[PDB]
Amino acid sequence: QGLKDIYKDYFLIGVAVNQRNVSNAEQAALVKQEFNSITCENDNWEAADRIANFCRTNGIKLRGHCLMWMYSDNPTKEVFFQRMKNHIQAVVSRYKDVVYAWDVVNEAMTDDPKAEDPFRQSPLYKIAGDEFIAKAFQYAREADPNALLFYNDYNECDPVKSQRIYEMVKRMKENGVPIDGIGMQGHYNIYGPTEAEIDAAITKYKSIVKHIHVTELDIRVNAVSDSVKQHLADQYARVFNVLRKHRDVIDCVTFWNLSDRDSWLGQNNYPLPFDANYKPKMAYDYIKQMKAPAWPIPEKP
């Protein structure tokens, strides 16, 4: 029946929801109906409270992401790290009852292939380097000894960045950082990563972590027609083909939004298994009924 049900033995089937979706009675009934995992989407933490409570009273697993000033003043590494641990341990304590997994660090790696330094030169990095990741996981492991702790990134399937994610997560785990898991965001498209590209990403992440979530599943169209519903349906099937192949390491597959109406990609990107009216799509059937794709992966521009 529900997606969460069909896959009740491969992985949690999850969605990122904002406050409207668990506020709107009808969107909430769908979430309840389709998912056994909720990421707080919202990428004064009232929102994290509502999403958490929704999971609380409805017994849905919560993927901590939502919440996790603090560098505008150019703190010293030391002070930045106390602000980290504070926030991290605050965020984590308030929801360790519901949150089973945390995106402790997001998108620390750069997308630039032509970059000597594989980390995104984010403000956090410019202060601290590698060790803000280390600290972030140490702080979070400490605050909840428990929550699988996920390094979460996107374009996790392209050759270079993925190697960097792997290598960064390898050496940090090698150095003992509590990186329990790797979160493949899953912001794919209809031309997407190929099955082997996701296969080659998961099989690589497999070899250093016992947990891969798909945290932010999204399949934007064009990097509605018949061409479009099949391409969307087909790449979803392709993705869920490779995900249900790695069901062991993959504990959770979270779609990035309840529907195209909510999608960060915009509805014209037709990205999720529910159209803007939350009618399931042929993509939804293709995933539910574990179908294989019709056409092969479309060619790109």
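Residues numbered from 1 in each chain as written, not as in the entry; some residues may be left out. Heavy atoms only, no water.

This deposited entry lists X-ray crystallography as its structure determination method and 2.56 Å as its resolution.

In the nomenclature of the PDB entry, the chain corresponds to xylanase from the organism uncultured organism. This entry appears in the Protein Data Bank under the title "Crystal structure of glycosidic hydrolase family 10 (GH10) xylanase XynA contains an additional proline-rich sequence in the C-terminus".

Draft legend 1. A look at helix α8 (residues 159-174). Along its 16 residues, α8 runs 21 Å from first to last C-alpha, staying within 8% of the 22 Å computed at 1.5 Å per residue. By the burial criterion, the buried members of α8 are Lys161, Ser162, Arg164, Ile165, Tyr166, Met168, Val169 and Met172. Where α8 is buried, its residues contact α7 (131-143), β5 (148-153), β6 (181-184) and α9 (195-206). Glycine 176 sits one or two residues past α8 and shows a positive phi near 85 degrees. (Helix = DSSP H or I, 4+ residues; strand = E, 2+ residues; numbered from the N terminus. Expected span 1.5 Å × (residues − 1). Buried < 20%, exposed > 50% of the residue type's maximum accessible area, 1.4 Å probe, protein only. Contact = heavy atoms within 4.5 Å.)

Draft legend 2. Local environment of the environment of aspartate 275. Counting through the fold element by element, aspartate 275 comes out in the loop between β9 (250-255) and α11 (282-288). The class for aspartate 275 is buried, based on a relative accessible area of 14%. In sequence terms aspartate 275 and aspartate 260 are 15 residues apart; their C-alpha atoms lie 5.2 Å from each other. What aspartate 275 contacts, discounting residues up to four positions off in sequence, is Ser259, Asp260, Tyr270 and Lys281.

Draft legend 3. The arrangement of the pairing of strand β8 (residues 212-220) in detail. With 9 of 9 residues buried, β8 lies mostly within the body of the structure. Note that β6 and β8 share 3 bridges and pair parallel. When the sheet's bridge partners are listed, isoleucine 182 is paired in β8 with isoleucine 212. Looking at chain direction, strand β7 (residues 187-189) and β8 are connected through 3 bridges and run parallel. Within β8, the residue paired with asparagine 189 across the bridge is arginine 220. (Pairing = 2+ DSSP bridges.)

Draft legend 4. Summary view of the state of the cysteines. If you walk through the whole model with that rule in mind, you get 1 disulfide. With no disulfide partner, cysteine 55 has as its closest neighbouring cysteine sulfur the one in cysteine 40, 8.2 Å distant. By relative accessible area, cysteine 55 is classed as buried at 2%. (Disulfide = S-S within 2.5 Å.)

Draft legend 5. Focus on empty space enclosed by the protein. Quantified by volume, the largest cavity comes out at close to 70 Å³. Forming the boundary of the largest cavity are 14 residues, of which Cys40, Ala48, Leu62, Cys66 and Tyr95 lie nearest the centre. Residue assignment for the lining of the largest cavity shows that the elements contributing at least two residues are α4 (46-57), β3 (61-64), α5 (77-95) and β4 (99-106). Residue composition of the lining of the largest cavity, grouped by class: 11 nonpolar, 2 polar and 1 charged. (1 Å grid on protein atoms, 1.4 Å probe; cavity = no way out; pocket = protein on both sides within 12 Å on 5 of 7 lines; lining within 4 Å. Points joined across faces, edges and corners; volume = space filled by probe spheres on them. Nonpolar A, V, L, I, M, F, W, Y, C, P; charged D, E, K, R; others polar.)

Draft legend 6. Broad picture of the packing of α9 against helix α10 (residues 226-245). Put simply, α9 and α10 touch, their axes get as near as 9 Å, and they point 30 degrees apart. Taken together, the axes of α9 and α10 are roughly parallel relative to one another. Once α9 is placed against α10, the crossing between them reads as right-handed. Note on element contacts: α10 touches α9 through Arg238, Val239, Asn241, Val242, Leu243 and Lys245, opposite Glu195, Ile198, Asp199 and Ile202. In the contact of α9 with α10, the residues fall into 5 nonpolar, 1 polar and 4 charged. (Axes fitted to C-alpha atoms, helices over the stretch in contact; angles between N-to-C directions. Parallel < 35°, antiparallel > 145°, perpendicular 65-115°, else oblique. Left-handed = near helix turned anticlockwise from the far one by under 90°.)

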